[PDB]
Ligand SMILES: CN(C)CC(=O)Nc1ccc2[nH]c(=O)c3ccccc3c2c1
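To begin, one chain is listed below as structure tokens, in the form solved without the ligand.
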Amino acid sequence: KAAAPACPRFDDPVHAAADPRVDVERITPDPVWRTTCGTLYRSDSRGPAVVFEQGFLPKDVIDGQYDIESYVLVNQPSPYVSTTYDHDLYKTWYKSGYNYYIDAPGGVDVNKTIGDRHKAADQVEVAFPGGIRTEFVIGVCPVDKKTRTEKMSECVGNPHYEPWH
């Protein structure tokens, strides 16, 4: 065994963005950026044939909801792609077909940015402004809806994943 090293840090806080038109100055409140580099997760019903080709693009970088609290509590079209620190959050997301595995720098740590007292705090979210390029999507495991478990023999790695640390 070895003690883990610190994480590489990019000067650009939206280095990972799949849509670089995102306007970081429009983020409210002042974002607290994630500085760790552990695996993150995303429940999504969209299939890996799509996500592995385009990454995770956000719904609306131009006119979407740039306020983090508004976005996490009301879910309007936004510049953000939500992810979570919690590998098991898929169990609460009923009917989501897939648990995506992500290795991406940055992202806005939601609970560090707006506190942990709001109703979405248990989602321990990290919001990626501009989304997430496919090179930072490790892979995916399909979810069995009736037992809320991963179909681990059916996990698939993203051929485009590029390890960076």
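Numbers for residues come from their place in the sequence shown, where the first is 1.
What follows is about the form deposited with the ligand bound, which we do not show.
Within this chain, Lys112 is remote from the site of the ligand in the entry with it bound, having no heavy atom within 4.5 Å.
At a distance threshold of 4.5 angstroms between non-hydrogen atoms, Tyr41 is in contact with the ligand in the entry with it bound. Contact between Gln123 and the ligand in the entry with it bound is found at the 4.5 Å heavy atom cutoff.
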